[PDB]
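Visitor: Provided hereafter are the protein sequence and its experimental coordinates.
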Amino acid sequence: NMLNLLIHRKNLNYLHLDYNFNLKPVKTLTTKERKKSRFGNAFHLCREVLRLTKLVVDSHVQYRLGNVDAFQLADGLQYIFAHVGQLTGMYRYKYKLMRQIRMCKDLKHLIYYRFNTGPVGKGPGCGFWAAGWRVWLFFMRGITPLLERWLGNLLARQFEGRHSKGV
Amino acid sequence: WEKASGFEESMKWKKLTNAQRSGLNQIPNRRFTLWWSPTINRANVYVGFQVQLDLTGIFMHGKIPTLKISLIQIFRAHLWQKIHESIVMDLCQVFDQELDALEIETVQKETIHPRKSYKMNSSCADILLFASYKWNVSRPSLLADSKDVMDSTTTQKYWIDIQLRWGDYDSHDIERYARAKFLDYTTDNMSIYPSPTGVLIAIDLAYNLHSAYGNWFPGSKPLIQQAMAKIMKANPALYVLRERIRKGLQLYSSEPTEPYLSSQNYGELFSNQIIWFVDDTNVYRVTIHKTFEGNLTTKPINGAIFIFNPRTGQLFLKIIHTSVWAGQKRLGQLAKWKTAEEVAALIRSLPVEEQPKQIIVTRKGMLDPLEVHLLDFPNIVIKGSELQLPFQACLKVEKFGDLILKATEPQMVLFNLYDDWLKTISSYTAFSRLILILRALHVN
Amino acid sequence: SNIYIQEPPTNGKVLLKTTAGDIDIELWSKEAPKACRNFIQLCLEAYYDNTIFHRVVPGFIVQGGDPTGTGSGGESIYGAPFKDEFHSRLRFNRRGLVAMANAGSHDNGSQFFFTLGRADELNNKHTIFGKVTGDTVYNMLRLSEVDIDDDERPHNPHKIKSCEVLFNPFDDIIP
Amino acid sequence: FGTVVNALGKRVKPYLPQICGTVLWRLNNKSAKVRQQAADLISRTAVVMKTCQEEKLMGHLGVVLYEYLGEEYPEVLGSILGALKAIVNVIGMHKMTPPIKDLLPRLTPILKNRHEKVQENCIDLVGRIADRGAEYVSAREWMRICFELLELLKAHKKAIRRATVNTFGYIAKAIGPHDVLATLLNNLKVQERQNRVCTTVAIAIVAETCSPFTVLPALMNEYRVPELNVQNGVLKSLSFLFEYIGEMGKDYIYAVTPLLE
Amino acid sequence: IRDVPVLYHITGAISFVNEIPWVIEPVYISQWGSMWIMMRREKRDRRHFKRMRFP
Amino acid sequence: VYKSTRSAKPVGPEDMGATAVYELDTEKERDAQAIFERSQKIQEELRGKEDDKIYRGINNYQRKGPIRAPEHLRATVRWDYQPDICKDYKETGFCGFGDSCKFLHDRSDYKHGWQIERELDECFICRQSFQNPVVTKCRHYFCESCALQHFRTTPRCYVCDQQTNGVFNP
Amino acid sequence: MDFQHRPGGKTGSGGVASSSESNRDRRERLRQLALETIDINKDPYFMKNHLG
RNA sequence: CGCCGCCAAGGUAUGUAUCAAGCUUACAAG
Ligand SMILES: O=P(O)(O)O[C@H]1[C@@H](OP(=O)(O)O)[C@@H](OP(=O)(O)O)[C@@H](OP(=O)(O)O)[C@@H](OP(=O)(O)O)[C@H]1OP(=O)(O)O
Ligand SMILES: [Mg+2]
Ligand SMILES: [Zn+2]
């Protein structure tokens, strides 16, 4: 309800942000409205951290609707924390976090080859999700001030205009 | 490949502003990108975001621009809708044959809804078949089966839906696509299907191949197998797509005439389904001899069961020893039952992916013996066709001739008849060579 | 897959045998409790036997539950009409939905209706309380014959000949 | 081949699948210039398929020849356009499967190809489209090809040059003689004959089709432009005009006598 | 469930959940050891395991 | 009439699709990764054996190939509406970039998908009764005595002043 | 592609004209050249007639 | 002793003249 209010404030109405946080044109935009409607990394990096939290919240709400159980939820959001990048496209707008994508994928191996020690099997079920959760929180630990500042400049330039030949 | 006038002597000596003088020629750069489109656009490297083009169904796994500009000129003039309409009208028009079923009253092409052809998340019924009363339909199975138990809801009307898709080298298996996506729409809740019965037909445009997965009212499956093998063989919209790929790709043949392809059984052998030929003529065979005494009699010496894979050249030669020619009765009349047991034992012995989808026997004496011995394998078609082959002339070549005659056991040997021809020529041409060599040895 | 059922799970089913065939309506008892209590209570009374489907707008709705047959006679088991019970995951996007029929305010009685298609004009105006189990949606598409004679009410409307209760949550007695 | 199938007439019906299969496969062939044999064979046997009750396979190879016209070889594309011309004749224009709404725009950049065979076949086809199918356009499009038919003069074959002036006449009868004529009057200052006498001829064609009094005020006007070529051009166009109209010169002789004096 | 404190704007604009987690570290490490054990015993003894269909 | 199965269990899955499986490619045991795994395994078991020629299959004479899809992930799909078409060569027949232009060079003005979507949502002289409506040469049906009085007025007709030439008929 | 270092061109260009229009513009250009040179020379005997 | 995994701009011009919602205060007032 606020990423959609930026779009309705800028009078776009040919882009559609849907409830799973994608953003899609619907009109083959002509080139005076191709140039007014593109967003930077302050819109898109916030849109994909919200897509990440929308997937985590949808996992817990799938559990508390009661149509998936606790072992299966634990494997669920272990897959979410281990396989972002494949399911959010957040690296695209801020590429330094690709390291942490790899750091999930690296430590996944640590856990996923000690579950499968002994007669346990090479399939899904590794619901030990603390070690990926931690690093995607340590991302947000230092991405709070940066894209808070990026959105500060975005909301300033939207609500008091850009300064042409100031600085 | 391309030959056409890249030298272009004095081209037609035009004026050439600036960017058409010194800029880079995009068109070989994008026909190369079109050419490897299954492996540059494969569906499962990162399996996250994919973007389907409008008016088509191609899905573009990546941000590759040159691939998109290559794959839009060959689906140029609304041609996905055009292939949809062409095949749906061809196989509503193949149901002018109405009374050869139980019956069909009408075949209603439903209202031409645009955007059906590439709406992938939802589907409609495409042509609906009404009936007088009570088609007793089957349970849903592919059209690559044979079993078709056919005991389910006796229903009035029977829809048919047709689906189109595109290649991409990791999902080119539409035996599976038709199954999965039939289930998806028939268990859906946005579906506007008029009956719980009918079939979904999937065809695979790049890598052109077809199947279906619905349930089958009695005289339908062997009808529509031929009825859409003819559509894949010949259809004008699905031919202008073919040649428009060829023209957006700069490929040309280099043969004088059409390479031996017709409505012959030669031609569907090589659709990467495993087909086997089976010769059983020489199971019983008798030597010609004079004894000590002047009398003339017959000796039942050991015979051969030839099983031949035309795509790989593999020749499964089963020996049938002399010593099972004693004790049994009706000796010229029990080989047809003692053959299908051994052939199904061969089916059971081989790996899962190497066993056939279709077996083509010689002159018909084993369709019901193979049907009753293949109870463990429902989905194998047993056919007799008009490519009768002189595998008896294989008993004239000496490496086979001594090995068939001098054996102490049901030995079950393997040979390879395409020696090293597949290094240089195709299965198609090596088969057209082998049947020449065997028929030439046979007649002389 | 990608198909996403997108509506809450049901509880409690009533088979209902009209002259067009057998229709097995399964209820959202938790998501709409008073209306589902009304419907299984009336079906358990055998209130709806010989009741006709007196209004067919083909492609839009087909109404029933009027034992007078004119379009106004409905007597709930609450005495007064009861409240509408909306839900954000129960909307009129498809066929097979079953909903109580209203005349404005919180006025829900016995008179209910099937949908026959998409009915987005009725969102937040009627109480969806059940869907129809598939392979029997075609028996209620038999109910939409173009026979209407008028803006409503065809020649020989289908009557409800029986009404079973295949599963009964929330204990009740008839009258 | 053409004479044989024209003799067999309707008895050639169980051989049209064999022939059309042989031709459609024959039209790939290493690019090895047996593709103008296939396209020429289509142009020769285009006659026998209408009189043998075959329009499905006509609708089948019309759309195929619609996209063999992106060739780089000129002599392949010329026989393609000859075949497509013969199909446009043997079918109606308004009932053909690569319809003229999206066939003529493919032909406007073909028209900038300076090979003589491709030019020749292209404007024969554009002439038949321009008189019999002028409702399949923008009427901007006819204007942006009647600037193409000035460069489609200076073509060393004289059949091109006498077909393009007919196409000016037909374009004019479509869109009116006040836009095509300002084009032909800017063309009169070029320094080149084969390019001014054959636009003078085109002025007489646009005169006599859509009656003079639509060309003759402006053509009378541009004698006042002080250049040698444009003055000899309007006099030569009055020559071809009176030669073409004949007995309608009873009405216009008093209008041009103060010019000729 | 884990109900948790929160801090929301009167306009309903934003809802900050206002708590630092704070676990006792032996009981936390032992709880994760507990479900390492229980979750190995569930992957060993499930007939076939399906994840979530992740959006 | 489709008779119901008459059981109280509801229509669909118990998890309501929360394990939807994406089964649009070749299944797990017949997949090419599994065939590769079979070949790897059987080449590991036969190691001390030296050409015992029992043949075992095609590959096994001595995870790449078509790769397996994640079953548990629906791919997020968009529409790539924006066509790559030279606006010039579409509506003019001439691109200034020649064949170096990065766009298509198409000239077909067929509708887009969204355009199809947003169309998809939407007597007589005396003015009396015909007292012998009777005719002249040229279709003119008049009343009888009224057209006789019309001839007394003017000898030609009323509709287009055509010469009756005395000719008057029923 | 070098989108920076490719030989540029602008959209809607209409292209470089053929030989007839180019050398007609050359003759008009050369006319303006000789007219301004005789204007600078202030020649009083240059006349251009009724036909160029 | 086992690198590697990719978004945006850069092209389909901009500049004028009439015609509503978006957003803006719900005010000073004989
Ligand atoms: O990432 P995915 O391809 O989806 O599969 C990963 C993982 O992949 P990476 O190791 O490339 O990160 C491994 O599978 P492979 O490497 O063999 O493809 C891993 O280790 P194991 O394969 O040894 O288990 C396991 O795969 P598996 O499915 O066998 O558990 C796991 O799978 P998840 O995707 O379920 O984490
Ligand atoms: Mg530039
Ligand atoms: Zn271009």
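Guide: Looks like it came in fine. Numbers count the residues shown, from 1 in each chain, chains lettered A, B, ... in the order given. Ligands and ions are numbered 1, 2, ... in the order given.
Visitor: Now for the closest residue to chain B within chain A: which residues touch it?
Guide: Distances from chain A to chain B, computed as Cβ to the nearest Cβ, single out residue A:86 as the nearest residue at 4.9 Å. All C-beta atoms are positioned from the backbone trio N, CA, C, and that covers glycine. The contact partners of residue A:86, taken as Cβ atoms under 8 Å, 6 or more residues apart in numbering or on different chains, are B:46, B:47, B:48, F:73.
Visitor: which of the residues you listed count as buried?
Guide: Members of the contacts of residue A:86 that pass the buried threshold by neighbour count (16 or more other Cβ atoms under 10 Å in any protein chain shown) are listed as B:47, B:48, F:73.
Visitor: between those, which is nearest residue B:155?
Guide: Closest approach between these and residue B:155, by Cβ to Cβ: residue F:73, at 36.4 Å.
Visitor: tell me the SS of the closest one?
Guide: Using DSSP: H, G, I helix; E, B strand; the rest coil as the criterion, the local structure at residue F:73 reads coil.
Visitor: Look up the closest residue to it, ignoring the ones flanking it.
Guide: Distances taken as Cβ to Cβ, 6 or more residues apart in numbering or on different chains place residue E:54 nearest to residue F:73, at 4.9 Å, with adjacent residues excluded.
Visitor: What is the burial count for that neighbour?
Guide: Around residue E:54 there are 18 other residues, counting by other Cβ atoms under 10 Å in any protein chain shown.
Visitor: Roughly how far does it sit from chain C?
Guide: Distance of residue E:54 to chain C, given as Cβ to the nearest Cβ, to the nearest Å: 12 Å.
Visitor: ok so, going back, using TSV, please lay out the contacts of residue A:86 together with secondary structure.
Guide: Listed next are the contacts of residue A:86 as TSV, based on three-state DSSP:
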residue	secondary structure
B:46	coil
B:47	coil
B:48	coil
F:73	coil
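Visitor: nearest to residue B:338, of those?
Guide: After measuring the contacts of residue A:86 against residue B:338 - Cβ to Cβ - the closest member comes out as residue B:47, at 51.2 Å.
Visitor: From RNA strand H, how far off is that closest one?
Guide: According to Cβ to the nearest atom of the strand, to the nearest Å, residue B:47 stands 13 Å off from RNA strand H.
Visitor: quick one, what contacts the nearest residue to that residue once chain neighbours are set aside?
Guide: Counting by Cβ to Cβ, 6+ apart, residue F:70 is the residue found nearest to residue B:47 once chain neighbours are left out, at 5.2 Å. Taking Cβ under 8 Å, 6+ apart as the criterion, residue F:70 is in contact with B:44, B:47, F:22.
Visitor: repeat for residue D:124
Guide: Applying Cβ under 8 Å, 6+ apart, the residues contacting residue D:124 are D:85, D:163.
Visitor: Which element, helix or strand, includes it?
Guide: Residue D:124 is located in helix D:116-132, with elements delineated by DSSP states H and E.
Visitor: How about residue D:82?
Guide: Assessed by DSSP H and E, residue D:82 sits inside helix D:74-90.
Visitor: where along the chain do the helices fall?
Guide: No chain in the question, so chain A it is. Chain-ordered helices for chain A, with DSSP state H as the definition, fall at A:3-9, A:41-64, A:70-82, A:98-115, A:130-160.
Visitor: wait, I meant chain B there
Guide: Listed in chain order (using DSSP H), the helices of chain B are B:19-22, B:26-35, B:37-40, B:65-70, B:79-93, B:174-186, B:221-233, B:237-247, B:335-349, B:367-373, B:398-405, B:427-443.
Visitor: do the same with chain C
Guide: C:33-44, C:137-141.
Visitor: Any chance of JSON lines for these, columns distance to chain G?
Guide: Written out in JSON lines, the entries for the helices of chain C read as follows (distance: least, Cβ to the nearest Cβ, whole Å):
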{"stretch": "helix C:33-44", "distance to chain G": "63"}
{"stretch": "helix C:137-141", "distance to chain G": "55"}
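Visitor: re earlier: residue B:216 versus the residue nearest to residue F:73, what's the distance?
Guide: 36 Å (Cβ to Cβ, to the nearest Å).
Visitor: Chain G: which of the helices of chain B is closest?
Guide: Within these, the stretch nearest chain G is helix B:19-22; the backing value is 3.8 Å (Cβ to the nearest Cβ).
Visitor: does any bit of the closest one sit next to chain G?
Guide: Yes - using Cβ under 8 Å from any Cβ of the partner chain as the criterion, contacts between helix B:19-22 and chain G involve B:19, B:20, B:21, B:22.
Visitor: now for the residues you listed, which pair is the farthest apart?
Guide: B:20 and B:22 (8.3 Å).
Visitor: Ends of stretch B:154-174, what's the gap?
Guide: Across stretch B:154-174, the terminal residues are separated by 28 Å (Cα to Cα, to the nearest Å).
Visitor: now the most centrally placed residue in chain F: how far from chain B?
Guide: When chain F is reduced to its mean C-alpha position, the nearest residue by Cα atoms, centre = their mean turns out to be residue F:116, at 9.3 Å. Applying Cβ to the nearest Cβ, the value for residue F:116 to chain B is 5 Å.
Visitor: do residue G:44 as well
Guide: Applying Cβ to the nearest Cβ, one obtains 42 Å for the distance of residue G:44 from chain B.
Visitor: Over to residue C:70?
Guide: Distance, residue C:70 to chain B, using Cβ to the nearest Cβ: 32 Å.
Visitor: what's around that residue, how many residues?
Guide: Using other Cβ under 10 Å, residue C:70 has 9 neighbouring residues.
Visitor: ok, now residue B:422?
Guide: Look at residue B:422: counted by other Cβ under 10 Å, it has 15 neighbours.
Visitor: do the same with residue B:92
Guide: Here the neighbour count serves as a burial measure; for residue B:92 (other Cβ under 10 Å) it reads 17.
Visitor: Grab the nearest non-local neighbour of it.
Guide: Skipping the residues right next to it in sequence, residue B:92 comes nearest to residue B:127 by Cβ to Cβ, 6+ apart, at 4.7 Å.
Visitor: now residue A:18
Guide: The shortest distance from residue A:18 to any residue other than its chain neighbours is 7.2 Å, reached at residue A:24 (Cβ to Cβ, 6+ apart).
Visitor: so the one you found sits right up against residue F:77, yeah?
Guide: No - under the criterion of Cβ atoms under 8 Å, residue A:24 is not in contact with residue F:77, lying 9.6 Å apart.
Visitor: helix/strand/coil for the residue of chain F most remote from its centre?
Guide: Among residues of chain F, the one most distant from the C-alpha centroid is residue F:152; the distance is 68.7 Å, by Cα atoms, centre = their mean. The local conformation at residue F:152, judged by three-state DSSP, is helix.
Visitor: what's the spacing between it and residue F:145?
Guide: 10 Å.
Visitor: related to what we said a few turns ago, I'd like the helices of chain C laid out as a markdown table, including mean neighbour count and distance to chain B.
Guide: Below are the helices of chain C laid out as a markdown table (neighbours: other Cβ atoms under 10 Å in any protein chain shown; distance: least, Cβ to the nearest Cβ, whole Å):
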| stretch | mean neighbour count | distance to chain B |
| --- | --- | --- |
| helix C:33-44 | 22 | 20 |
| helix C:137-141 | 22 | 6 |
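Visitor: who wins for proximity to residue A:127 among the ones you listed?
Guide: Of all the helices of chain C, it is helix C:33-44 that lies closest to residue A:127, at 35.6 Å by Cβ to Cβ.
Visitor: How about residues contacting the closest one?
Guide: Counting by Cβ under 8 Å, 6+ apart, C:12, C:14, C:16, C:27-29, C:48, C:65, C:76-78, C:82-83, C:85, C:100, C:108, C:110, C:112, C:127, C:129-130, C:163-165, C:168, C:170, C:172, C:174 sit against helix C:33-44.
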